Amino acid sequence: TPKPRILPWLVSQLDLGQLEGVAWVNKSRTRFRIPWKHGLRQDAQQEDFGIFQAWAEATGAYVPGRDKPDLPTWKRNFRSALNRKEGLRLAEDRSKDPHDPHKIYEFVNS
């Protein structure tokens, strides 16, 4: 059980495309999109934190049963990891958009 590096892991989640709202938006796999609803809307289901949560359980930070959910932290760490990943970058911040908030990241190299 080696620790998954975040970019490859994030990429496979994309390809398998099982988690909703998480998927390429450019069929040429170069730009993808992550649900990013604010953790204060009462109408919030994990669906809005599936990636933040999955990566958390994936590294062993969140072991269901032992731990207490923590949506803000799961989201904070996920965003921070991607942030210093030079080779990836935001490209759009639809984060506060009323009907389907999200951020769209994009790959690069130079």
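Numbers for residues come from their place in the sequence shown, where the first is 1.
Of the two segments, 36 to 44 and 70 to 78, the one listed with the higher mean B-factor is 36 to 44 (C-alpha atoms only). Relative to one another, 52 to 60 and 24 to 32 have unequal mean CA B-factors, and 24 to 32 is the one with the higher figure. Remark: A91 belongs to the middle third of its chain, ranked by C-alpha B-factor as recorded. Ranked within its chain, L19 lands in the highest third, by CA B factor from the PDB record.
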